[PDB]
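First comes the structure, then the notes that go with it.
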Amino acid sequence: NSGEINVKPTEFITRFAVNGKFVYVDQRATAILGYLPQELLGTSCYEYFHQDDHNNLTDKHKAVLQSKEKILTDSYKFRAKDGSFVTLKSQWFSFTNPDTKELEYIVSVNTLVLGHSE
């Protein structure tokens with residue numbers, strides 16, 4: 001059956017330029033919590049995130065961008081297209097060109113839980 005497909009789990013993968021949007025998003029984003037590669041892609045990370053921890057998210061991703069070749073992991077909080085206010089648990093690596101050794105993107109992965117274990 002050519003119509004067979006599967007896009008699960010409760011995780012996704014992404015790229016964000018030092019720009020405030022995920023300049024690339026993967027379709028497991030369409031599965032994890034449910035927003036496209038167009039409802040999350042070229043869509044403002046900071047404004048489309050929770051009312052609080054968007055600072056922490058921004059403080060963390062500058063802690064990724066702080067260097068050009070390293071990886072950080074923290075808990076975050078996110079809300080998909082429909083109504084799924086949810087956690088995110090994510091890891092972001094600064095990505096260098098290096099044609100020039102400039103910082104050129106932040107490549108990354110994302111995971112969630114329904115809430116913290118506390």
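As shown in the structure tokens, the chain order sets the letters A, B, ...; within each chain, residues go from 1, and ligands are also counted from 1 in the order they appear.
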Discussion item. At a cut-off of 8 Å, using only C-alpha atoms, what residues contact segment 77-86 of chain A? Leave out same-chain residues fewer than 5 positions from it and give the result as a ChimeraX atom specification.
Written reply: /A:33-35,39,48-50,53,112-115
Any chance you can output those residues with N, CA, C and O atoms as a short mmCIF file (atom, residue, chain, number, x, y, z; two decimals), in the first residue's frame?
```
data_model
loop_
_atom_site.label_atom_id
_atom_site.label_comp_id
_atom_site.auth_asym_id
_atom_site.auth_seq_id
_atom_site.Cartn_x
_atom_site.Cartn_y
_atom_site.Cartn_z
N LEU A 33 3.65 17.01 18.66
CA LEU A 33 2.66 17.91 19.23
C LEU A 33 1.76 18.45 18.11
O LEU A 33 0.60 18.76 18.37
N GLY A 34 2.26 18.51 16.87
CA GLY A 34 1.45 18.76 15.71
C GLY A 34 1.50 20.19 15.22
O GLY A 34 0.63 21.00 15.53
N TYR A 35 2.55 20.52 14.49
CA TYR A 35 2.63 21.73 13.68
C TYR A 35 3.56 21.40 12.54
O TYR A 35 4.40 20.50 12.65
N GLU A 39 4.02 25.72 9.96
CA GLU A 39 3.45 26.37 11.14
C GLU A 39 4.53 26.51 12.22
O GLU A 39 4.31 27.20 13.22
N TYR A 48 6.08 32.36 19.57
CA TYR A 48 5.23 31.18 19.41
C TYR A 48 5.50 30.15 20.54
O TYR A 48 4.93 29.06 20.54
N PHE A 49 6.35 30.50 21.51
CA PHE A 49 6.72 29.73 22.68
C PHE A 49 5.90 30.27 23.87
O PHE A 49 5.13 31.22 23.73
N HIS A 50 6.03 29.63 25.04
CA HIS A 50 5.29 30.02 26.25
C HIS A 50 5.60 31.45 26.71
O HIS A 50 6.64 32.03 26.37
N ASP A 53 9.98 31.32 30.20
CA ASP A 53 10.96 30.34 29.76
C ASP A 53 11.35 30.66 28.32
O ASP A 53 12.38 30.17 27.88
N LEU A 112 9.63 15.93 24.03
CA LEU A 112 8.75 16.42 25.09
C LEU A 112 8.26 15.33 26.03
O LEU A 112 8.43 14.14 25.78
N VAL A 113 7.61 15.80 27.09
CA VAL A 113 6.84 15.08 28.08
C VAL A 113 5.55 15.90 28.27
O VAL A 113 5.50 17.06 27.85
N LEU A 114 4.51 15.32 28.87
CA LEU A 114 3.26 16.05 29.10
C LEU A 114 3.45 17.13 30.18
O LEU A 114 2.76 18.15 30.16
N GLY A 115 4.40 16.92 31.10
CA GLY A 115 4.75 17.84 32.17
C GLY A 115 6.01 17.35 32.89
O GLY A 115 6.50 16.25 32.61
#
```
Discussion item. Please return, as an MDAnalysis selection string, all residues of chain A that DSSP assigns to strand (DSSP E) on the basis of the backbone.
Written reply: chainID A and resid 11:16 24:25 71:79 85:96 103:111
Output the selection as a short mmCIF file (atom, residue, chain, number, x, y, z; two decimals), in the first residue's frame - N, CA, C and O atoms for each residue.
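Dumped everything to again33.cif:
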```
data_model
loop_
_atom_site.label_atom_id
_atom_site.label_comp_id
_atom_site.auth_asym_id
_atom_site.auth_seq_id
_atom_site.Cartn_x
_atom_site.Cartn_y
_atom_site.Cartn_z
N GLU A 11 9.21 13.61 19.69
CA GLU A 11 10.52 14.19 19.46
C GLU A 11 10.52 14.76 18.04
O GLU A 11 9.69 14.37 17.22
N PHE A 12 11.44 15.67 17.75
CA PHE A 12 11.72 16.15 16.40
C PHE A 12 13.14 16.71 16.32
O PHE A 12 13.94 16.55 17.25
N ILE A 13 13.47 17.34 15.20
CA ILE A 13 14.81 17.74 14.82
C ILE A 13 14.61 18.97 13.95
O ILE A 13 13.57 19.12 13.28
N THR A 14 15.59 19.86 13.98
CA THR A 14 15.38 21.21 13.52
C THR A 14 16.69 21.91 13.16
O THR A 14 17.78 21.43 13.49
N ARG A 15 16.58 23.08 12.52
CA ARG A 15 17.70 24.02 12.40
C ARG A 15 17.10 25.41 12.60
O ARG A 15 16.01 25.69 12.11
N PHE A 16 17.82 26.29 13.26
CA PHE A 16 17.40 27.65 13.54
C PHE A 16 18.66 28.45 13.24
O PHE A 16 19.74 28.10 13.71
N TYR A 24 14.55 25.56 9.52
CA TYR A 24 14.15 24.23 9.07
C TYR A 24 13.50 23.53 10.26
O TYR A 24 13.95 23.70 11.39
N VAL A 25 12.50 22.70 10.01
CA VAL A 25 11.83 21.87 11.01
C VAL A 25 11.56 20.53 10.32
O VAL A 25 11.30 20.50 9.11
N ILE A 71 27.36 22.18 22.07
CA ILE A 71 26.03 21.67 22.31
C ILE A 71 25.62 21.88 23.76
O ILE A 71 26.41 21.63 24.67
N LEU A 72 24.38 22.33 23.96
CA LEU A 72 23.76 22.50 25.28
C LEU A 72 22.39 21.84 25.27
O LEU A 72 21.74 21.77 24.22
N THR A 73 21.94 21.40 26.44
CA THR A 73 20.68 20.71 26.66
C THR A 73 20.01 21.34 27.88
O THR A 73 20.66 21.53 28.92
N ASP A 74 18.72 21.66 27.77
CA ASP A 74 17.88 22.11 28.88
C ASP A 74 16.41 21.72 28.64
O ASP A 74 16.04 21.28 27.54
N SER A 75 15.57 21.85 29.67
CA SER A 75 14.12 21.74 29.58
C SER A 75 13.54 23.10 29.15
O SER A 75 14.05 24.16 29.53
N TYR A 76 12.45 23.05 28.39
CA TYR A 76 11.74 24.18 27.80
C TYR A 76 10.28 23.82 27.75
O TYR A 76 9.83 22.80 28.28
N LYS A 77 9.51 24.69 27.13
CA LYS A 77 8.06 24.62 27.18
C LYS A 77 7.54 25.20 25.89
O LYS A 77 8.05 26.21 25.43
N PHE A 78 6.55 24.56 25.27
CA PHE A 78 6.19 24.88 23.91
C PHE A 78 4.70 24.60 23.72
O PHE A 78 4.07 23.96 24.56
N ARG A 79 4.12 25.12 22.65
CA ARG A 79 2.71 24.93 22.37
C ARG A 79 2.52 24.85 20.86
O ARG A 79 2.90 25.76 20.13
N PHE A 85 -0.50 22.58 24.83
CA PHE A 85 0.49 23.23 25.68
C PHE A 85 1.25 22.08 26.34
O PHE A 85 0.64 21.18 26.94
N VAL A 86 2.58 22.05 26.18
CA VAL A 86 3.38 20.88 26.49
C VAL A 86 4.81 21.29 26.88
O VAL A 86 5.16 22.47 26.83
N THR A 87 5.62 20.33 27.32
CA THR A 87 7.01 20.61 27.64
C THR A 87 7.77 20.49 26.32
O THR A 87 7.21 20.10 25.30
N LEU A 88 9.04 20.86 26.34
CA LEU A 88 10.00 20.48 25.33
C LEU A 88 11.27 20.22 26.14
O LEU A 88 11.43 20.73 27.25
N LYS A 89 12.15 19.39 25.66
CA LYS A 89 13.38 19.00 26.32
C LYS A 89 14.26 18.93 25.10
O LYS A 89 13.94 18.17 24.19
N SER A 90 15.29 19.76 25.01
CA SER A 90 15.89 19.97 23.71
C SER A 90 17.36 20.22 23.81
O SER A 90 17.87 20.60 24.87
N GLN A 91 18.03 20.00 22.69
CA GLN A 91 19.48 20.05 22.60
C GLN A 91 19.80 20.84 21.34
O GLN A 91 19.22 20.55 20.29
N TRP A 92 20.71 21.79 21.42
CA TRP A 92 21.02 22.67 20.30
C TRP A 92 22.54 22.79 20.21
O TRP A 92 23.20 23.04 21.22
N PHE A 93 23.08 22.59 19.01
CA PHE A 93 24.49 22.62 18.71
C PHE A 93 24.70 23.84 17.83
O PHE A 93 23.98 24.00 16.84
N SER A 94 25.65 24.71 18.14
CA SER A 94 26.04 25.74 17.20
C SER A 94 26.74 25.05 16.03
O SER A 94 27.50 24.09 16.20
N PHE A 95 26.46 25.54 14.82
CA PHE A 95 26.91 24.97 13.56
C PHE A 95 27.68 26.06 12.85
O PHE A 95 27.14 27.14 12.56
N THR A 96 28.95 25.77 12.58
CA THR A 96 29.82 26.64 11.83
C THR A 96 29.78 26.23 10.35
O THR A 96 29.45 25.09 10.02
N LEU A 103 29.83 31.30 12.82
CA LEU A 103 28.63 30.64 13.30
C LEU A 103 27.59 30.97 12.25
O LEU A 103 27.36 32.14 11.93
N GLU A 104 26.98 29.93 11.72
CA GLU A 104 26.14 29.99 10.53
C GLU A 104 24.73 29.47 10.85
O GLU A 104 23.76 30.06 10.35
N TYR A 105 24.55 28.50 11.76
CA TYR A 105 23.23 28.10 12.26
C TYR A 105 23.39 27.53 13.66
O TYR A 105 24.49 27.40 14.19
N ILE A 106 22.27 27.10 14.20
CA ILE A 106 22.15 26.29 15.39
C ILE A 106 21.35 25.11 14.87
O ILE A 106 20.20 25.27 14.46
N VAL A 107 21.98 23.94 14.78
CA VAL A 107 21.25 22.72 14.43
C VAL A 107 20.76 22.11 15.75
O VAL A 107 21.33 22.44 16.80
N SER A 108 19.72 21.28 15.76
CA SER A 108 19.12 20.93 17.04
C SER A 108 18.17 19.75 17.00
O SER A 108 17.71 19.34 15.93
N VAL A 109 17.83 19.25 18.19
CA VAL A 109 16.79 18.26 18.38
C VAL A 109 15.91 18.62 19.56
O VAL A 109 16.30 19.43 20.41
N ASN A 110 14.73 18.02 19.61
CA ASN A 110 13.68 18.41 20.51
C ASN A 110 12.99 17.14 20.92
O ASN A 110 12.86 16.22 20.12
N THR A 111 12.46 17.16 22.12
CA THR A 111 11.76 16.05 22.73
C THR A 111 10.66 16.66 23.59
O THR A 111 10.77 17.84 23.90
#
```
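The nearest approach to residue 62 of chain A among the residues A:27, A:99, A:17, A:44, with only C-alpha atoms taken into account, belongs to A:17.
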Item to complete: Select from chain A everything DSSP, run on the backbone, classes as alpha helix (DSSP H), then give the selection as a PyMOL selection string.
Response: chain A and resi 28-32+54-65
Dump of N, CA and C atoms for the selected residues, as a tab-separated table (two decimals), in the first residue's frame:
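Wrote out-v5.tsv, looks like this:
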```
chain	number	residue	atom	x	y	z
A	28	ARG	N	8.55	15.03	12.10
A	28	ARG	CA	8.25	14.51	13.43
A	28	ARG	C	7.73	15.67	14.30
A	29	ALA	N	7.98	16.94	13.95
A	29	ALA	CA	7.27	18.08	14.56
A	29	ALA	C	5.75	18.04	14.28
A	30	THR	N	5.36	17.65	13.08
A	30	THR	CA	3.98	17.37	12.73
A	30	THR	C	3.43	16.21	13.58
A	31	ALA	N	4.28	15.35	14.17
A	31	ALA	CA	3.74	14.22	14.94
A	31	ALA	C	3.76	14.41	16.46
A	32	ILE	N	4.84	14.99	17.01
A	32	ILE	CA	5.13	15.14	18.44
A	32	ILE	C	4.03	15.86	19.20
A	54	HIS	N	10.65	31.55	27.60
A	54	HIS	CA	11.14	32.07	26.32
A	54	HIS	C	12.43	32.86	26.56
A	55	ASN	N	12.57	33.50	27.74
A	55	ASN	CA	13.82	34.11	28.15
A	55	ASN	C	14.83	33.01	28.27
A	56	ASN	N	14.49	31.97	29.01
A	56	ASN	CA	15.45	30.95	29.32
A	56	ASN	C	15.93	30.32	28.01
A	57	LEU	N	15.00	30.00	27.12
A	57	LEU	CA	15.19	29.55	25.76
A	57	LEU	C	16.15	30.46	25.00
A	58	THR	N	15.97	31.77	25.11
A	58	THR	CA	16.80	32.76	24.42
A	58	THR	C	18.18	32.86	25.08
A	59	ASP	N	18.25	32.64	26.38
A	59	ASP	CA	19.46	32.76	27.18
A	59	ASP	C	20.30	31.51	26.95
A	60	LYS	N	19.62	30.40	26.73
A	60	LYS	CA	20.20	29.13	26.40
A	60	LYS	C	20.66	29.12	24.98
A	61	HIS	N	19.85	29.57	24.03
A	61	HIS	CA	20.29	29.44	22.67
A	61	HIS	C	21.42	30.46	22.45
A	62	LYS	N	21.46	31.64	23.11
A	62	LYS	CA	22.70	32.43	23.06
A	62	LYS	C	23.80	31.70	23.78
A	63	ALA	N	23.53	30.90	24.80
A	63	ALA	CA	24.58	30.07	25.37
A	63	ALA	C	25.06	28.99	24.38
A	64	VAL	N	24.27	28.64	23.36
A	64	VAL	CA	24.71	27.73	22.29
A	64	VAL	C	25.55	28.56	21.30
A	65	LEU	N	25.00	29.69	20.83
A	65	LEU	CA	25.58	30.65	19.87
A	65	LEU	C	26.80	31.40	20.42
```
Worksheet item: Could you work out how far atom CA of residue 18 of chain A lies from atom CA of residue 101 of chain A, giving the answer in Å with one decimal?
Response: 15.1 Å
Worksheet item: So what do you get for atom CA of residue 21 of chain A versus atom CA of residue 36 of chain A, distance-wise?
Response: 13.5 Å
Worksheet item: What gap, in Å, lies between atom CA of residue 23 of chain A and atom CA of residue 42 of chain A?
Response: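 Taking atom CA of residue 23 of chain A as the start and atom CA of residue 42 of chain A as the end point, the length is 5.2 Å.
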